[PDB]
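What follows draws every value from the coordinates through simple rules; no lab data is involved. Here the Cβ is made from the backbone with ideal geometry for all residues, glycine too, and neighbour counts use every protein chain on show.
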Amino acid sequence: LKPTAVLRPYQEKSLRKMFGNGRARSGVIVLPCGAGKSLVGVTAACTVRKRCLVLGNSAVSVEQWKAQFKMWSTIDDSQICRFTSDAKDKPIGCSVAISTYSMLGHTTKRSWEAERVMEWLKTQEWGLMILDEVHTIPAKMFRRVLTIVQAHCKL
DNA sequence: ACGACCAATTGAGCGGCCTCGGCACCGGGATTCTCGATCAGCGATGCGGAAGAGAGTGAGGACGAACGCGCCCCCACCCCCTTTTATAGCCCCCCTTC
């Protein structure tokens, strides 16, 4: 996390409660959009320091997350990839991945190119799995993502 | 004096069987209409499969270029103009004879 990032007390409390010890605890953090939930997610990734997967409910959110990661973290643009049907960044070429539940949770036949990344995603283990707007997660298709992706801790 | 009782009379009202079946209430009957699930709806997402917009390069355009030839100029420099005289044949214009 670049020192430009400013962390508010409630944000710090939520992170301290999530990182009660040297081991990250899985669970849900409820913060308003104006409260900078994105920064907490980025901070958690910077804390875990391991390969992480961010999933948004829309392509607009995926764009927002990319901007926020660049805005708040030392990570370079090439190190971030937005695995999406509409756009390609050679996800296998970098460690940080961003996508959507509609893509990974997709029930119908995958495109040959998207299948390449998904198999790489399936085989790799994710240290942190950030889920945005998790109120949608209990959906029958979206919850499948949790069985498809292998993640050590999910926030 | 009449009031109740007694008798003979009798037949309407009554107590009852008869029977029953119209209706309602009561309860118990396969039920015309209930609810509890499925699928459909509105407006959104995303993915996956489809078209068009930009490209290339055939080629011939216009025409810049490169050359020779061409007309033309400004330029050295050279010769001729003019004068004198001797000298002669050569030549034309004119006069002159026939």
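Which number in (1) surrounded by fewer than 20 Cβ atoms within 10 Å (Cβ to Cβ); (2) under 18 Å from residue A:64 (Cβ atoms) marks the one condition that residue A:99 misses?
Checking residue A:99 against (1) surrounded by fewer than 20 Cβ atoms within 10 Å (Cβ to Cβ); (2) under 18 Å from residue A:64 (Cβ atoms), the one that fails is (1).
Suppose we keep only residues that are without any contact (Cβ under 8 Å) to a residue 24 or more places away in the chain and charged (D, E, K, R) within the stretch A:102-120. Which one would you say is surrounded by the most Cβ atoms within 10 Å (Cβ to Cβ)?
A:110
Which helices (runs of 4 or more DSSP H) does the stretch A:95-149 wholly contain that include 1 or more residues that are over 23 Å from residue A:19 (Cβ atoms) and more than 16 Å from DNA strand B (Cβ to nearest atom)?
A:112-123, A:145-148
When you scan the stretch A:72-91, how many residues do you find that are in a helix (DSSP H, G or I) and either loosely packed, with under 14 Cβ neighbours inside 10 Å or under 13 Å from the mean Cα position of the chain (by Cα) (or both)?
Final tally of qualifying residues: 2.
Out of A:53, A:7, A:15, A:39, which single residue is more than 21 Å from residue A:124 (Cβ to Cβ) and not in a helix (DSSP H, G or I)?
Within the list A:53, A:7, A:15, A:39, the selection yields A:7.
Could you please let me know if residue A:26 is surrounded by 11 or more Cβ atoms within 10 Å (Cβ to Cβ), within 18 Å of the chain's Cα centre (by Cα) and not in a helix (DSSP H, G or I)?
When the stated conditions are applied, residue A:26 passes them.
Quick check on the stretch A:56-70: of everything there that is among the small types (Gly, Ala, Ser) and outside any helix (DSSP H, G or I), which residue is nearest to DNA strand B (Cβ to nearest atom)?
Among those residues, the one meeting the criterion is A:58.
Looking only at the stretch A:71-94, how many residues end up being more than 23 Å from residue A:2 (Cα to Cα) and within 16 Å of DNA strand B (Cβ to nearest atom)?
Residues meeting the conditions: 10.
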